[PDB]
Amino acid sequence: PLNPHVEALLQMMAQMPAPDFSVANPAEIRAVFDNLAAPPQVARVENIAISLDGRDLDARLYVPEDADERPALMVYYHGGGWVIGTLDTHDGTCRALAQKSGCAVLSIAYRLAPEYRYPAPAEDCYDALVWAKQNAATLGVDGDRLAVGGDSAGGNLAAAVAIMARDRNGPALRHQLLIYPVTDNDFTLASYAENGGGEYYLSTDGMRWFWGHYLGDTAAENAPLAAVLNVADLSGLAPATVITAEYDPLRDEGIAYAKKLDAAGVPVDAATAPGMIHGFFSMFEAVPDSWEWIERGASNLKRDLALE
């Protein structure tokens, strides 16, 4: 009989929005197959090696179709709980954001815990931002129209970099796109009870494991750029987008970070996506509804990164 996984895939393909073409000519069929089979289309993808003091980081530059000659740049940090994830796991996510925002995206492969515990991953993310600013002309982008972004632990890193950039008089940032970010290590929140059992992909036990490897023996109170929620003064940070997911155990701490930013006078667009789980920005192929939220974040980037 039919392979059960093949059956599930055919069923899933069946529940997807019909492509709506009137006739089967080559252009139509090409378009349908491209939509099914290829990652989101961009004009150019370049694998870049970033040579920093003491370490090289892999990076990937995405330039979308229809882009300016010198487009704005979002430096992007992948999720994976500071321990897993690669340029390849988040390639589709970066293509999608570049395509919808019209901005270039530079995805950074920062060093991972436990091999490189706190504060190494955040310093990598920050130094990559600085590198991008100082090598903007080489990249072909506008270094004066700069954003950071990331999902999950990557959103944690983006938030920390926004704070580092303020604190260190680093490169000016026009936006921080925080996609269901990790912001704290209080596992007693309602979100963790409701959503952290394992039934929505990310679990509370997962997050304990991630936090453990990231921090090692460093107590969370002595790792101020880890639990960014606990930072007292969030004033003067880049305008933010904070998108949380209804069925994410991280939902409550993400909402809380958005409230604390807005309280500190930072312009924030914050929303919890109904019906969604942790990771849904990367699930747009199986979950067409994800595109609405990718477009929302992208449209905020596009607005805040426009030429003055």
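In this text, residue numbers run from 1 along the sequence as written.
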125 to 133 versus 112 to 120 - which carries the larger mean C-alpha B factor in the record: 112 to 120
Determine, for stretches 226 to 234 and 78 to 86, which one has the higher mean CA B-factor as deposited. 226 to 234
For the listed residues 160, 146, 178, 215, which one has the largest C-alpha B-factor as given in the deposited model? 215
Maximum C-alpha temperature factor per the entry, among 91, 199, 151, 184, belongs to which one? 184
Within-chain third of residue 13 by Cα B-factor, per the entry: highest
Within this chain's modelled residues, let me know which third the CA B factor of residue 41 belongs to: lowest, middle or highest. middle
For residue 53, the third of its chain into which the C-alpha B factor falls: highest
Classify residue 291 as lowest, middle or highest third according to the C-alpha B-factor given in the PDB entry, relative to its own chain. middle
Is residue 278 in the lowest, middle or highest third of its chain when residues are ranked by C-alpha B-factor? lowest
